[PDB]
Amino acid sequence: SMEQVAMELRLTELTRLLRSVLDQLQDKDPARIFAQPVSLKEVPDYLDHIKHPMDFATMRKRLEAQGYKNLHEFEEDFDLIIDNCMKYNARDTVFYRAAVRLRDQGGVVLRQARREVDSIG
């Protein structure tokens, strides 16, 4: 139908906006602490601690499958990256500290993305 196509065009354009959002958020992690999944070879007990692992590569796979239906779903995954790190790692660690900086700096980017999504429908 013509409606299913129009909807698909909306999803494509959302995917295009979320791709730029993801690139901006990831620049706020220059150390690449959050780039890839925590290795279960190197942290074999991780899943005993963290029930819903997340990272930027896993978000990118979902994004390219147009697996994000709205910005809320995308923010949920970003928030998991931060919140998982801040639980697993102690406050006095480079990992925790990197999450805090990503959270603070990403908030700016996400604040305007929410407006661009409401604005452009």
Side-chain angles (χ1 to χ4, degrees), residues 1-2 4-6 8 11-15 17-40 42-60 62-68 70-110 112-119 121:
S1 68
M2 212 22 257
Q4 290 299 332
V5 168
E8 290 160 2
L11 181 65
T12 295
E13 283 305 295
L14 173 69
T15 301
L17 181 155
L18 296 178
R19 192 178 305 113
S20 162
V21 176
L22 183 67
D23 290 346
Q24 276 172 79
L25 290 173
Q26 191 147 27
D27 287 337
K28 310 318 183 146
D29 171 33
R32 294 192 79 78
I33 288 163
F34 305 103
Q36 290 294 329
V38 171
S39 174
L40 307 183
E42 298 168 7
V43 188
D45 78 347
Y46 189 64
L47 300 188
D48 293 344
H49 293 269
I50 295 297
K51 297 296 171 191
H52 297 97
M54 191 47 53
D55 65 274
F56 284 130
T58 299
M59 292 188 61
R60 201 171 291 283
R62 181 168 168 193
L63 180 64
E64 293 312 335
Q66 307 187 341
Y68 292 113
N70 49 59
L71 179 61
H72 176 73
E73 289 186 348
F74 178 97
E75 289 173 298
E76 276 191 344
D77 270 356
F78 181 64
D79 284 347
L80 273 175
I81 294 176
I82 299 309
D83 290 336
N84 287 347
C85 184
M86 294 171 69
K87 292 166 193 79
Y88 188 78
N89 304 101
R91 226 157 24 249
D92 82 330
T93 62
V94 63
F95 305 105
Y96 186 112
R97 293 173 169 284
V100 166
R101 290 163 64 82
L102 178 60
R103 190 198 57 195
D104 285 352
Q105 294 201 276
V108 176
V109 171
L110 294 174
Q112 200 53 45
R114 164 54 57 207
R115 295 189 68 84
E116 290 184 303
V117 160
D118 290 357
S119 185

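Atom set for the values below is all heavy atoms of this structure, side chains included, hydrogens, waters and symmetry mates excluded. Residues take their numbers from the sequence shown, with the count starting at 1.
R101 CZ: 12 or fewer foreign heavy atoms inside a 6.0 Å radius. Summarising the local packing, CZ of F95 is surrounded by 12 or fewer heavy atoms from other residues, nucleotides or ligands at distances under 6.0 Å.
The two residues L47 and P53 come nearest to each other via the heavy atoms CD2-CG, 3.5 Å. Residue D55 comes nearest to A35 through the heavy atom pair OD2-O, 3.6 Å, listed as atom of the first residue, atom of the second, then distance. Of all heavy-atom pairs between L11 and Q66, the closest is CD2-OE1, 3.3 Å. The nearest pair of heavy atoms linking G67 to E73 is O-OE1, 3.6 Å.
Note on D23 versus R60: salt bridge recorded, some NZ/NE/NH1/NH2 to OD/OE distance being below 4.0 Å.
Between the side chain of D29 and the main chain of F34, a donor-acceptor pair closer than 3.5 Å is present. At distances below 3.5 Å, at least one donor-acceptor pair connects side-chain atoms of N84 with backbone N or O atoms of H52. No side-chain donor-acceptor contact under 3.5 Å links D79 to the backbone of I82. Between the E76 side chain and the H72 main chain, no donor and acceptor come within less than 3.5 Å of each other.
Proximity of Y88 to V38: side-chain heavy atoms (C-beta onward) are nowhere separated by under 4.5 Å. Side-chain contact between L17 and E13: absent, with no pair of heavy atoms (C-beta onward) separated by less than 4.5 Å. Residues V117 and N70 fail the side-chain proximity criterion, which asks for heavy atoms closer than 4.5 Å. Side-chain atoms of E116 and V21, non-hydrogen and from C-beta on, never get closer than 4.5 Å to each other.
Here OH of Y68 is found 7.0 Å from CG of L63. Values are rounded to the nearest 0.5 Å. For the atom pair CE (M86) and CG (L102), the distance works out to 10.5 Å, reported to the nearest 0.5 Å. Considering NZ of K28 and CZ of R103, their distance stands at 15.0 Å, rounded to 0.5 Å. Taken from OG1 in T15 to CG in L22, the straight-line distance is 11.5 Å, to the nearest 0.5 Å. We find the CG-NZ distance between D83 and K87 to be 4.0 Å, quoted to the nearest 0.5 Å. The CG atom of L25 sits 5.0 Å away from atom CG of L110, with the distance rounded to the nearest 0.5 Å.
There is no side-chain donor-acceptor pair under 3.5 Å between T12 and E8.
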